[PDB]
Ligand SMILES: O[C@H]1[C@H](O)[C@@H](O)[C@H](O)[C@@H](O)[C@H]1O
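Shown here is one chain on its own, the form deposited without the named molecule, set out as structure tokens.
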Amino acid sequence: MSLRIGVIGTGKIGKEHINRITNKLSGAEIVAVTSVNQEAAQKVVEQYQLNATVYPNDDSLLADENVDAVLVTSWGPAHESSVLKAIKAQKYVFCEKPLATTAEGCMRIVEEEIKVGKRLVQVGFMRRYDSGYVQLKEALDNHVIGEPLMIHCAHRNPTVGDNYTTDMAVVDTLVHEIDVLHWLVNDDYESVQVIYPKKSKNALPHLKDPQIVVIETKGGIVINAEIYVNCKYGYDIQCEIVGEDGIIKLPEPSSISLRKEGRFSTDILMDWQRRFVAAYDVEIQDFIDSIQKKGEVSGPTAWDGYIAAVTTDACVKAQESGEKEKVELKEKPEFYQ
């Protein structure tokens, strides 16, 4: 029968997930919601015609014996608390980024999870479920190119609003590269360095954009990540892995080609939300399927959330200092292997 899901936080992202589970995916139902604004949570229940109980807070929601699993989609700084509560209630949890606002916060979650003795926590890094990244991973695991030596990647966005700050380039943007790369090559980060090219005319005065982030893994892989969030031409994710004997590269999103007015061309997406639409569906379906069939979650773990937190911290530190900063990671427990 259905995985009974409770949703913590019914803003934009919560609603997207509620719609996804209710109208797109298989094997789950939203049976409980809670939001800080009780009125909005009730509106979401009518909007999506749910047979769902509205709770005033996450504690009461998690005490519902008929809730099997929860989605944490609230205000970012509020995530860690709900994730901890869900773990103590021994219920599966899918948490949108971030897992916690600090490495210490991530560690707290890690510790409680290791206690429980099974995987409850899945973090919403959806790139691992994208078909392009799955293909790169399969090629690497089959040794198509030999040992990875270097990674060249770019995260580009047409324009950002006035609220977007320099730190957000790593904390909100490069965080996705940070999660997916160590997964692809199975190696931990060791150091980071940030280099600023001349500033783009497309960037607001307070914002350092573009940026280059150079990351070295413990095994000696060197990653050059370009971040340019005011590139104007489109939203563009590029990733090239250079191995000893060959090179693999992420594909462009599928597009018909056009020959017109002296150009041969394909489309470039303009909206970041459209780049990984398929991956959001697959990641939640995997959450549901893995729980139903295996009794624990797969996909990005609480430890992956910890790695992201420590690495983003080091990047923001390197943004400020201009020197090479250490990424200091605890040893990966056997629990997460």
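Note that residue numbering follows the sequence shown and begins at 1.
There is another form of the same protein, the form solved in complex with the named molecule; it is not shown, and what comes next is about it.
Visitor: Does this chain block the named molecule or leave room for it once its pose in the bound PDB entry is superposed onto the site C-alphas (blocked: 3 or more ligand atoms within 2.4 Å of backbone or C-beta; open: none)?
Guide: Open: no clash with the backbone or C-beta atoms.
Visitor: Classify residue 97 as contacting or not contacting the named molecule in the bound PDB entry by the rule of any non-hydrogen atom within 4.5 angstroms, answering yes or no.
Guide: Because a heavy atom of residue 97 falls inside 4.5 Å of the named molecule in the bound PDB entry, the answer is yes.
Visitor: Is there any non-hydrogen atom of residue 211 lying within 4.5 Å of the named molecule in the bound PDB entry?
Guide: No.
Visitor: Just checking whether residue 157 would be counted as a contact of the named molecule in the bound PDB entry - the rule being heavy atoms within 4.5 angstroms.
Guide: Judged by the heavy-atom cut-off of 4.5 Å, residue 157 is in contact with the named molecule in the bound PDB entry.
Visitor: So in the bound PDB entry, is the named molecule close enough to residue 152 to count as touching (4.5 Å, heavy atoms)?
Guide: Although the named molecule is absent here, residue 152 would stay clear of it in the bound PDB entry, with no heavy atoms inside 4.5 Å.
Visitor: Please identify the residue among 187, 172, 190, 252 with any heavy atom within 4.5 Å of the named molecule in the bound PDB entry.
Guide: That would be 172.
Visitor: With the named molecule left out of view, choose which of 137, 91, 176, 108 has a non-hydrogen atom within 4.5 angstroms of it in the bound PDB entry.
Guide: For this set of options, the contacting one is 176.
Visitor: Answer yes or no: in the bound PDB entry, does the named molecule come within 4.5 Å of a heavy atom in every one of 127, 235 and 272?
Guide: Checking in the bound PDB entry: 127, 235 and 272 are all within 4.5 Å of the named molecule.
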